[PDB]
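Participant: Provided herewith is a single structure, encoded as structure tokens, for subsequent inquiry.
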Amino acid sequence: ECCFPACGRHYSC
């Protein structure tokens, strides 16, 4: 649950 570089370092899809 996180598909962008604006998520931080938890950008996992």
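So you can find residues: chains in the structure tokens are A, B, ... in the order shown, residues in each start at 1, and ligands are numbered from 1 in order.
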Pick out the residues sitting within 10 Å of residue 13 of chain A, and hand them over as a PyMOL selection string; count only C-alpha atoms, and ignore anything fewer than 5 positions along from it in its own chain.
Facilitator: chain A and resi 1-4
